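Trainee: Would you mind keeping the following structure in view while I ask a few things?
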Amino acid sequence: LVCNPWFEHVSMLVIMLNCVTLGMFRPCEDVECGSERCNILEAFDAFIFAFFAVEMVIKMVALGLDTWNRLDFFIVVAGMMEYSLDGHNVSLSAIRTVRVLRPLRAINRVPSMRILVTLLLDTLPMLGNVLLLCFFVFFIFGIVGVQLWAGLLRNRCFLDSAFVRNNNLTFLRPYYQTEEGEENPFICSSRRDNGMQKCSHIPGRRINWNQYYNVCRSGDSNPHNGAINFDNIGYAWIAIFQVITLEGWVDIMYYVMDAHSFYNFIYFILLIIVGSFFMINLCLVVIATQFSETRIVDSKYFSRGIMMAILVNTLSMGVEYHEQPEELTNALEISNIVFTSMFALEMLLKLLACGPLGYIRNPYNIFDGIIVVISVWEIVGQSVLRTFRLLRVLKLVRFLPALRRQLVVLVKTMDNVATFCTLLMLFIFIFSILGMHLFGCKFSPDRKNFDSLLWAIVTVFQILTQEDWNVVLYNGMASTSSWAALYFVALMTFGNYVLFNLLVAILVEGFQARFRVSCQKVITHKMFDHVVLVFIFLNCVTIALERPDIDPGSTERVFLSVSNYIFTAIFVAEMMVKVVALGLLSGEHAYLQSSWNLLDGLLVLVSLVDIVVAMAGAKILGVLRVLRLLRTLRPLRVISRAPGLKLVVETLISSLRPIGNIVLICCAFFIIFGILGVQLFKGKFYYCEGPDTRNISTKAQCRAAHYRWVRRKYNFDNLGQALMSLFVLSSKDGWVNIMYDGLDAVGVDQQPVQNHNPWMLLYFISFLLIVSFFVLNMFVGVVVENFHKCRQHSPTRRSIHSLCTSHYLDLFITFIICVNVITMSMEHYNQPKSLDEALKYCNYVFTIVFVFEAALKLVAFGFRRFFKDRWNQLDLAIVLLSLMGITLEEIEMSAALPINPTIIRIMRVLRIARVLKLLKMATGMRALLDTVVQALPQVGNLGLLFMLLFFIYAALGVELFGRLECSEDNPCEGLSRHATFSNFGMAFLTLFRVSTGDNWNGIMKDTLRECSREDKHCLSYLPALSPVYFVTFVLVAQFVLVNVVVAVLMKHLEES
Ligand SMILES: CCCCCCCCCCCCCCC(=O)OC[C@H](COP(=O)(O)OCCN)OC(=O)CCCCCCCCCCCCCC
Ligand SMILES: CC(C)CCC[C@@H](C)[C@H]1CC[C@H]2[C@@H]3CC=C4C[C@@H](OC(=O)CCC(=O)O)CC[C@]4(C)[C@H]3CC[C@]12C
Ligand SMILES: CC(C)CCC[C@@H](C)[C@H]1CC[C@H]2[C@@H]3CC=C4C[C@@H](OC(=O)CCC(=O)O)CC[C@]4(C)[C@H]3CC[C@]12C
Ligand SMILES: CC(C)CCC[C@@H](C)[C@H]1CC[C@H]2[C@@H]3CC=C4C[C@@H](OC(=O)CCC(=O)O)CC[C@]4(C)[C@H]3CC[C@]12C
Ligand SMILES: CC(C)CCC[C@@H](C)[C@H]1CC[C@H]2[C@@H]3CC=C4C[C@@H](OC(=O)CCC(=O)O)CC[C@]4(C)[C@H]3CC[C@]12C
Ligand SMILES: C[C@@H](NC(=O)Cc1ccc(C2CC2)cc1)c1ccc(OCC(F)(F)F)cn1
Ligand SMILES: [Ca+2]
């Protein structure tokens, strides 16, 4: 019965039959239970439960009263409760949700999955230290947010009560709201605050009703049907968790910048660093560390000749585009006819030399044979085979040993990854059917729905990639309840911060197992670099003041022009003195013998050319524009002057070498999928744009209806457009909307139809899975190389003293503070007055209790001894700060009111420093923080290179996108009043958003859109520089952040 192993196979057979039974559920076709298909299914489910109950009885009898065994016991108990409770209509369907745990049974039946889960479950206990840090991040930022912005997102511009009453008119809506409605609320800034958005910014009517919305008072709803707000701690954590995932965090920021203050970006800049970057990357480091702790034919020319033929053929296949000329299509076919013949000529020649058996011996020779038959078949059969012509690129593996070796390493990576991927699909499946039960046809139908298995799986995969996952969250919260946020918190946490970090650990552990003399003296002088470095810094301020809105006649323009001449002369002399002392190139130690010296050569040379062009009253405007762009690279001279920056930059360029092949393999897949995407989707990404297009089906109908026939910014018309669309997909920002266009595509001059070709999911989801696999191997290749580089390198007083030295006092304080944390979290918007008095009294008790501790501490140790320890100093500061806070509150209560109410609010917010005391108790967390501290010297410079990169691109963006404008005639999808390149300060903040990858694809769209005919000073070739601007910044910015994660990882490994 149980002894025979075949019984386990019988159980595994039933398990799979239960998973298919769960997947056939239809949310609101089975709830009624009026169909015959459901009746057979529920009977099938009942039969399966009988088997499980029968088996469990047998096992219990055989074995009596193994964690997995307990789990199976839990499922049987839960199922019996659901099964036996039938006949009671009270929450019967709700109890039905417990069956989604049945697929978990398969973990124990598969030995490989059981081992991995066991290893995973033995790694969790040491993640607690990172969990304690998460509590601090959420509690600290969740109580400060509530204190500042409680109820400020309910603000709306209302009509004056007297106006409506006296004038006896009630046709207008009570408060201003765009025609879009509550989906885009117009939040105003209260009169006592200084928010950016005021009720006087309301656009006029388009005699004017809008101008009378001139009162900003609290409304009756928060943004997104109440989902986004800071009215209490519960609603604040939903916002904070959304910021930590870097999805929609700008929208939350803009909501408080428009209502409270523009300087609220500090609150979100810190949170993206402390929480989104370090806290989410400390979890990765901990898991990885813990896992580690647990005759003619053979001629060279012939091979080169055949290699060249394949390469030229591949280049030819990528020259197709929409509206292709007939002649170019004919030429391509002839070229295909010749090339396939050439391979066939090679196919015959090798056969003769080695014979039919000899040729079959070589494995590559076998593959070539499979390609010739289909190639000739296509000509003889004179379109599906056309898509197979891309396989010819695989022939090049024969003649690239370096890549051939690299591919083998990647292929051998699948043996270890196979067990995990099987664990991913089970994790996704359980949450796919769990989503159906909760959100089954409640989203009234949105494309992101849980209405069926196919589109519930896609909505769970999409959430894990964190693309529009908040849009799904808002619908889920509104439909069922605000507590539906727990579904997304668990899916995003167990999926992205535990399972994904486990995959990285699997990979890492797998791999891991006379005047000239004066110049000679002056340049060699110690302070020469610091003197020049000062001039360069002043040159950065001049660059940072440049912006489009400078009046040419103003004094500031004159000042900027003069300073430019001064710096150009200064750096010419510095270059001139160096060359004289060292010689241009003839000497062995010549000036141009080092790349850094060469770098300074081009920058100076451009400056002289700039002077000449400025000297020239001629048609040289185009040249003057290019020069203006290159003059933003001047800050690059800081690297050669700072020894720390020079070292790290040379290190980063070193880290690229080990992963060079993977980049080449990754660049090869971009072209192959780009060429494939062009063939499938060229000419089909057009749509009819208009208020109502339900009747439109073709281009002509779009013209007849006087609607516009337009094109998507990201399409696959040609390999140039395909590569720009694929990079956006790989970045996983806006990748969903490109997928929708692929599914909806119908044909040339045809209106796309929703979900026309669902089979296209394979093209897009396959690309994301493959590209994410290569990106993982770039991170591992950097780590493995770094590890290699690292391994090679009085009686009344005595009792008081006993109490203070005893742990009792410390644990008592930790209890008092833990109570304080609870009370501080009880505050919310419009709390009852009785609560205000109760919380005020609770503050009094804490204040005196802290005071007593300081009094006892002073007596036990003495005034000089007590002040020695920094922890005691922190107590003194907070107790002193607490006394100031409470003092001003009472004066505010008193008749005298000289205290500005900003002071009171700031003091209340700052009283959260009491939590820092718990830091002393958390020895584990402090050691974890100590790891980052020890790595600061290696991370501090990478932060200097990060800000230097930001400066060069923030100054470059202003020159490029300085003048772009947003208007109802030329609307912008990513830019707004908050995201602009108007000046250096704003471009710096926009680039910070781009680094996080929050709707950076929308910003790029706004630069690719054509300038208006009437508008002037629009760069013709901007749509070509914009993709280069965003691609390079995105890749360069992320590489620096990757190395900062690795630097902390190495330090952690070497400390344990
Ligand atoms: C340390 C935090 C780390 C994780 C944080 C992730 C985000 C947590 C979000 C999950 C909780 C979801 C509930 C959100 C909420 O406050 O709304 C519930 C409720 C409103 O929903 P009704 O359907 O009842 O609508 C009533 C309308 N009249 O809000 C309330 O009215 C009060 C709810 C209790 C206040 C929150 C205290 C508990 C903290 C949040 C729970 C999550 C814990 C996360 C660890
Ligand atoms: C990268 C390797 C593997 C293959 C080489 C790729 C090229 C063949 C691609 C890259 C850029 C592509 C071009 C990008 C833009 C255009 C313009 C497009 O429209 C025009 O001819 C514009 C006419 C006008 O401006 O009036 C026609 C296709 C073409 C030449 C594309 C044809 C295919 C090109 C040359
Ligand atoms: C190390 C480098 C980056 C030098 C330090 C940075 C400064 C050069 C930047 C940061 C703050 C910037 C300022 C932020 C805000 C403004 C207001 C803004 O004013 C306008 O454009 C006009 C506004 C109006 O007319 O209402 C743009 C210029 C200025 C002074 C910016 C000029 C450039 C500043 C001084
Ligand atoms: C291989 C992976 C990592 C991507 C590499 C970066 C690409 C996304 C960049 C590199 C060069 C870019 C191309 C440079 C120039 C053009 C031509 C441009 O067409 C025009 O010239 C239209 C504007 C005009 O009217 O001048 C359209 C975008 C495109 C194909 C760019 C699309 C984005 C490209 C392919
Ligand atoms: C560590 C903490 C999270 C545990 C203890 C927290 C509770 C004591 C606090 C947290 C926030 C408070 C809630 C914040 C907001 C509301 C809504 C308020 O009005 C409503 O019920 C309407 C809700 C709406 O319209 O949005 C009633 C009090 C209540 C439940 C508060 C009661 C006390 C709560 C649950
Ligand atoms: C999205 C995420 N990427 C990273 O963390 C760096 C990283 C990339 C890739 C891997 C491995 C698994 C493949 C591991 C780590 C981020 C970016 C930018 C940001 O903000 C920037 C700042 F605000 F600091 F300027 C916060 N998180
Ligand atoms: Ca996004």
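If you're wondering about the labels, chains in the structure tokens are A, B, ... by order shown, residues count from 1 in each chain, ligands from 1 in order shown.
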Wanna dump the chain A-ligand 3 contacts at 7 Å for me, each residue with its shortest atom pair and the distance in Å to one decimal, counting only C-alpha atoms and all ligand atoms, ordered by chain and number, as a tab-separated table?
Mentor:
```
residue	atom	partner	partner_atom_place_in_ligand_line	distance
A:540	CA	ligand 3	2 (C)	5.6
A:541	CA	ligand 3	4 (C)	4.3
A:544	CA	ligand 3	8 (C)	4.3
A:545	CA	ligand 3	33 (C)	4.4
A:549	CA	ligand 3	21 (O)	6.2
A:951	CA	ligand 3	3 (C)	6.7
A:983	CA	ligand 3	27 (C)	5.5
A:984	CA	ligand 3	33 (C)	5.8
A:985	CA	ligand 3	12 (C)	4.9
```
Trainee: May I have the selected residues written with C-alpha atoms, as a short mmCIF file (atom, residue, chain, number, x, y, z; two decimals), in the first residue's frame?
Mentor:
```cif
data_model
loop_
_atom_site.label_atom_id
_atom_site.label_comp_id
_atom_site.auth_asym_id
_atom_site.auth_seq_id
_atom_site.Cartn_x
_atom_site.Cartn_y
_atom_site.Cartn_z
CA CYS A 540 30.63 73.64 -13.74
CA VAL A 541 28.62 76.45 -12.14
CA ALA A 544 24.66 74.84 -14.68
CA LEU A 545 23.35 78.41 -15.11
CA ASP A 549 14.98 81.57 -20.94
CA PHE A 951 25.63 66.51 -14.16
CA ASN A 983 16.64 74.47 -16.47
CA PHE A 984 19.48 72.48 -14.93
CA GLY A 985 17.65 72.09 -11.62
#
```
Trainee: Write as a PDB file with N, CA and C atoms, in the first residue's frame the residues around ligand 4, taking 7 Å as the cut-off and counting only C-alpha atoms and all ligand atoms.
Mentor:
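The resulting file, out-v2.pdb, is reproduced below:
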```pdb
ATOM      1  N   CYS A 667      23.458  41.433 -27.787  1.00  0.00           N
ATOM      2  CA  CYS A 667      23.244  42.305 -28.936  1.00  0.00           C
ATOM      3  C   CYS A 667      22.845  41.513 -30.173  1.00  0.00           C
ATOM      4  N   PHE A 670      19.002  40.860 -29.903  1.00  0.00           N
ATOM      5  CA  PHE A 670      18.211  42.047 -30.211  1.00  0.00           C
ATOM      6  C   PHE A 670      17.943  42.152 -31.705  1.00  0.00           C
ATOM      7  N   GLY A 720      15.264  49.906 -37.478  1.00  0.00           N
ATOM      8  CA  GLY A 720      15.529  51.046 -36.617  1.00  0.00           C
ATOM      9  C   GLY A 720      14.434  51.255 -35.588  1.00  0.00           C
ATOM     10  N   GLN A 721      13.173  51.127 -36.009  1.00  0.00           N
ATOM     11  CA  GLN A 721      12.062  51.249 -35.074  1.00  0.00           C
ATOM     12  C   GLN A 721      11.928  50.011 -34.199  1.00  0.00           C
ATOM     13  N   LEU A 723      14.364  48.061 -32.990  1.00  0.00           N
ATOM     14  CA  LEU A 723      15.345  48.056 -31.909  1.00  0.00           C
ATOM     15  C   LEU A 723      14.965  49.032 -30.806  1.00  0.00           C
ATOM     16  N   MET A 724      14.381  50.179 -31.161  1.00  0.00           N
ATOM     17  CA  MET A 724      13.933  51.120 -30.142  1.00  0.00           C
ATOM     18  C   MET A 724      12.767  50.553 -29.345  1.00  0.00           C
ATOM     19  N   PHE A 727      14.167  47.673 -26.842  1.00  0.00           N
ATOM     20  CA  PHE A 727      14.835  48.163 -25.641  1.00  0.00           C
ATOM     21  C   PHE A 727      13.821  48.594 -24.591  1.00  0.00           C
ATOM     22  N   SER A1020      15.657  69.584 -36.323  1.00  0.00           N
ATOM     23  CA  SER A1020      15.128  68.618 -37.281  1.00  0.00           C
ATOM     24  C   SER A1020      15.495  67.193 -36.889  1.00  0.00           C
ATOM     25  N   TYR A1021      16.728  66.987 -36.428  1.00  0.00           N
ATOM     26  CA  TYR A1021      17.259  65.661 -36.142  1.00  0.00           C
ATOM     27  C   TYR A1021      17.171  65.291 -34.663  1.00  0.00           C
ATOM     28  N   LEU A1022      16.265  65.916 -33.913  1.00  0.00           N
ATOM     29  CA  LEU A1022      16.059  65.501 -32.529  1.00  0.00           C
ATOM     30  C   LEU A1022      15.569  64.063 -32.411  1.00  0.00           C
ATOM     31  N   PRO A1023      14.612  63.590 -33.215  1.00  0.00           N
ATOM     32  CA  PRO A1023      14.144  62.202 -33.060  1.00  0.00           C
ATOM     33  C   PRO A1023      15.240  61.161 -33.210  1.00  0.00           C
ATOM     34  N   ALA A1024      16.431  61.543 -33.670  1.00  0.00           N
ATOM     35  CA  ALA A1024      17.542  60.606 -33.780  1.00  0.00           C
ATOM     36  C   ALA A1024      18.461  60.640 -32.568  1.00  0.00           C
ATOM     37  N   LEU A1025      18.644  61.808 -31.947  1.00  0.00           N
ATOM     38  CA  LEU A1025      19.490  61.890 -30.761  1.00  0.00           C
ATOM     39  C   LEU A1025      18.766  61.439 -29.500  1.00  0.00           C
ATOM     40  N   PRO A1027      16.726  58.783 -28.730  1.00  0.00           N
ATOM     41  CA  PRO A1027      16.952  57.391 -28.303  1.00  0.00           C
ATOM     42  C   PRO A1027      18.353  57.151 -27.774  1.00  0.00           C
ATOM     43  N   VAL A1028      19.361  57.786 -28.372  1.00  0.00           N
ATOM     44  CA  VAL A1028      20.728  57.625 -27.889  1.00  0.00           C
ATOM     45  C   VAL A1028      20.879  58.246 -26.506  1.00  0.00           C
ATOM     46  N   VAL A1031      19.010  55.718 -24.000  1.00  0.00           N
ATOM     47  CA  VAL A1031      19.582  54.379 -23.911  1.00  0.00           C
ATOM     48  C   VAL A1031      20.894  54.411 -23.138  1.00  0.00           C
TER      49      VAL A1031
END
```
Trainee: Within 9 Å of ligand 5 (counting only C-alpha atoms and all ligand atoms), which residues show up? I'd like them as a PyMOL selection string.
Mentor: chain A and resi 139+220-222+226+231-235+821-832
Trainee: Could you check which of A:756, A:732, A:547, A:260 is closest to ligand 7, using only C-alpha atoms and all ligand atoms?
Mentor: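 So, comparing all the options, the nearest one is A:732.
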Trainee: As a count of residues only, please: every protein or nucleic acid residue near ligand 2 (cut-off 9 Å, counting only C-alpha atoms and all ligand atoms).
Mentor: 22
Trainee: Counting only C-alpha atoms and all ligand atoms, what residues are within 6 Å of ligand 7, given as an NGL selection string?
Mentor: :A and (247 or 467 or 733-734 or 998-999)
Trainee: Take the residues just selected and output them with C-alpha atoms as a PDB file, in the first residue's frame.
Mentor:
```pdb
ATOM      1  CA  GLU A 247       5.983  51.945 -10.009  1.00  0.00           C
ATOM      2  CA  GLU A 467       4.453  47.155 -14.941  1.00  0.00           C
ATOM      3  CA  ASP A 733       8.677  49.968 -18.711  1.00  0.00           C
ATOM      4  CA  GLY A 734       5.705  50.344 -21.028  1.00  0.00           C
ATOM      5  CA  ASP A 998       9.247  55.270 -13.859  1.00  0.00           C
ATOM      6  CA  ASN A 999       7.552  56.115 -17.166  1.00  0.00           C
TER       7      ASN A 999
END
```
Trainee: Quick one: residues within 10 Å of residue 937 of chain A, only C-alpha atoms counted, chain neighbours fewer than 5 positions away excluded, as a VMD selection string?
Mentor: chain A and resid 644 932 942 1047
Trainee: Would you give me, as a Markdown table, each residue of chain A having an atom within 10 Å of an atom of ligand 6, along with its shortest atom pair and that distance in Å to one decimal, using only C-alpha atoms and all ligand atoms and sorting by chain and residue number?
Mentor:
```
| residue | atom | partner | partner_atom_place_in_ligand_line | distance |
| --- | --- | --- | --- | --- |
| A:244 | CA | ligand 6 | 27 (N) | 8.5 |
| A:245 | CA | ligand 6 | 27 (N) | 8.3 |
| A:246 | CA | ligand 6 | 27 (N) | 7.3 |
| A:268 | CA | ligand 6 | 23 (F) | 9.5 |
| A:269 | CA | ligand 6 | 23 (F) | 6.7 |
| A:270 | CA | ligand 6 | 23 (F) | 8.2 |
| A:271 | CA | ligand 6 | 23 (F) | 8.7 |
| A:272 | CA | ligand 6 | 23 (F) | 5.4 |
| A:273 | CA | ligand 6 | 24 (F) | 5.2 |
| A:274 | CA | ligand 6 | 24 (F) | 8.8 |
| A:275 | CA | ligand 6 | 26 (C) | 8.6 |
| A:276 | CA | ligand 6 | 26 (C) | 5.4 |
| A:277 | CA | ligand 6 | 26 (C) | 4.4 |
| A:278 | CA | ligand 6 | 5 (O) | 7.7 |
| A:279 | CA | ligand 6 | 5 (O) | 9.8 |
| A:280 | CA | ligand 6 | 5 (O) | 7.7 |
| A:281 | CA | ligand 6 | 5 (O) | 6.6 |
| A:284 | CA | ligand 6 | 14 (C) | 8.1 |
| A:285 | CA | ligand 6 | 14 (C) | 9.7 |
| A:500 | CA | ligand 6 | 12 (C) | 8.0 |
| A:501 | CA | ligand 6 | 12 (C) | 7.7 |
| A:503 | CA | ligand 6 | 12 (C) | 9.2 |
| A:504 | CA | ligand 6 | 12 (C) | 6.9 |
| A:731 | CA | ligand 6 | 1 (C) | 9.4 |
| A:772 | CA | ligand 6 | 13 (C) | 7.4 |
| A:773 | CA | ligand 6 | 13 (C) | 8.4 |
| A:774 | CA | ligand 6 | 13 (C) | 8.7 |
| A:775 | CA | ligand 6 | 13 (C) | 5.4 |
| A:776 | CA | ligand 6 | 13 (C) | 4.4 |
| A:777 | CA | ligand 6 | 13 (C) | 7.7 |
| A:778 | CA | ligand 6 | 13 (C) | 7.5 |
| A:779 | CA | ligand 6 | 11 (C) | 5.4 |
| A:780 | CA | ligand 6 | 11 (C) | 8.2 |
| A:943 | CA | ligand 6 | 24 (F) | 8.9 |
| A:946 | CA | ligand 6 | 25 (F) | 7.8 |
| A:947 | CA | ligand 6 | 25 (F) | 8.8 |
| A:950 | CA | ligand 6 | 25 (F) | 9.1 |
| A:991 | CA | ligand 6 | 25 (F) | 8.7 |
| A:992 | CA | ligand 6 | 25 (F) | 5.7 |
| A:993 | CA | ligand 6 | 23 (F) | 7.8 |
| A:994 | CA | ligand 6 | 18 (C) | 8.5 |
| A:995 | CA | ligand 6 | 18 (C) | 5.1 |
| A:996 | CA | ligand 6 | 18 (C) | 4.1 |
| A:997 | CA | ligand 6 | 17 (C) | 7.1 |
| A:998 | CA | ligand 6 | 18 (C) | 9.7 |
| A:1034 | CA | ligand 6 | 17 (C) | 9.3 |
| A:1035 | CA | ligand 6 | 8 (C) | 9.8 |
| A:1037 | CA | ligand 6 | 18 (C) | 7.8 |
| A:1038 | CA | ligand 6 | 6 (C) | 5.7 |
| A:1039 | CA | ligand 6 | 8 (C) | 7.3 |
| A:1040 | CA | ligand 6 | 6 (C) | 8.0 |
| A:1041 | CA | ligand 6 | 6 (C) | 4.8 |
| A:1042 | CA | ligand 6 | 7 (C) | 4.7 |
| A:1043 | CA | ligand 6 | 6 (C) | 8.2 |
| A:1044 | CA | ligand 6 | 6 (C) | 8.1 |
| A:1045 | CA | ligand 6 | 15 (C) | 6.2 |
| A:1046 | CA | ligand 6 | 15 (C) | 8.5 |
```
Trainee: Would you give me, as a Markdown table, each residue of chain A having an atom within 6 Å of an atom of ligand 1, along with its shortest atom pair and that distance in Å to one decimal, using only C-alpha atoms and all ligand atoms and sorting by chain and residue number?
Mentor:
```
| residue | atom | partner | partner_atom_place_in_ligand_line | distance |
| --- | --- | --- | --- | --- |
| A:135 | CA | ligand 1 | 1 (C) | 5.1 |
| A:138 | CA | ligand 1 | 1 (C) | 4.9 |
| A:139 | CA | ligand 1 | 1 (C) | 5.9 |
| A:233 | CA | ligand 1 | 36 (C) | 5.6 |
| A:234 | CA | ligand 1 | 36 (C) | 3.5 |
| A:235 | CA | ligand 1 | 16 (O) | 4.6 |
| A:237 | CA | ligand 1 | 7 (C) | 4.4 |
| A:238 | CA | ligand 1 | 7 (C) | 4.1 |
| A:241 | CA | ligand 1 | 6 (C) | 5.3 |
| A:481 | CA | ligand 1 | 23 (O) | 4.4 |
| A:482 | CA | ligand 1 | 21 (O) | 4.4 |
| A:483 | CA | ligand 1 | 12 (C) | 3.9 |
| A:485 | CA | ligand 1 | 10 (C) | 5.1 |
| A:486 | CA | ligand 1 | 10 (C) | 5.1 |
```
Trainee: Find the spatial neighbours of residue 402 of chain A, counting only C-alpha atoms, within a cut-off of 8 Å - ignore same-chain residues fewer than 3 positions away - and output them as a PyMOL selection string.
Mentor: chain A and resi 405-406+661
Trainee: Skipping near chain neighbours, those fewer than 2 positions away, what residues fall within 10 Å of segment 422-434 of chain A using only C-alpha atoms, listed as JSON, numbers by chain?
Mentor: {"A": [19, 22, 23, 24, 25, 26, 27, 97, 98, 99, 100, 101, 102, 103, 104, 106, 107, 112, 113, 114, 116, 117, 417, 418, 419, 420, 436, 437, 438, 439, 440, 450, 452, 453, 454, 455, 456, 457, 458, 459, 460, 461, 464, 487, 488, 490, 491, 494, 495, 499, 500]}
Trainee: So that I can see what lies close to residue 740 of chain A, please list as a list in words the residues with an atom at most 10 Å from it, counting only C-alpha atoms and leaving out residues fewer than 5 positions away in the same chain.
Mentor: residues 447, 735, 745, 752, 753, 754, 755, 756, 757, 758, 760 and 761 of chain A
Trainee: As an exercise, work out the distance from atom CA of residue 152 of chain A to atom CA of residue 218 of chain A in Å and give it to one decimal place.
Mentor: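 Interatomic distance, atom CA of residue 152 of chain A to atom CA of residue 218 of chain A: 7.4 Å.
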Trainee: What's the 9 Å shell around residue 228 of chain A, counting only C-alpha atoms, without same-chain residues fewer than 4 positions away, as a list in words?
Mentor: residues 153, 222, 223, 224, 235, 236, 238, 239, 252 and 474 of chain A
Trainee: Nearest to residue 649 of chain A among A:636, A:700, A:560, A:48, with distances taken over only C-alpha atoms: which residue is it?
Mentor: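 Using only C-alpha atoms, residue 649 of chain A sits closest to A:636.
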Trainee: Could you tell me which of A:909, A:922, A:933, A:835 comes closest to residue 140 of chain A if we count only C-alpha atoms?
Mentor: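 Nearest to residue 140 of chain A: A:909.
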Trainee: Pick out the closest residue to residue 127 of chain A from this set: A:497, A:172, A:393, A:688. Count only C-alpha atoms.
Mentor: A:497
Trainee: For atom CA of residue 610 of chain A and atom CA of residue 627 of chain A, determine how far apart the two atoms are, in Å to one decimal place.
Mentor: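 We find that atom CA of residue 610 of chain A and atom CA of residue 627 of chain A lie 6.6 Å from each other.
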Trainee: How far is it from atom CA of residue 890 of chain A to atom CA of residue 876 of chain A, in Å with one decimal?
Mentor: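 About the pair atom CA of residue 890 of chain A and atom CA of residue 876 of chain A: they are 21.6 Å apart.
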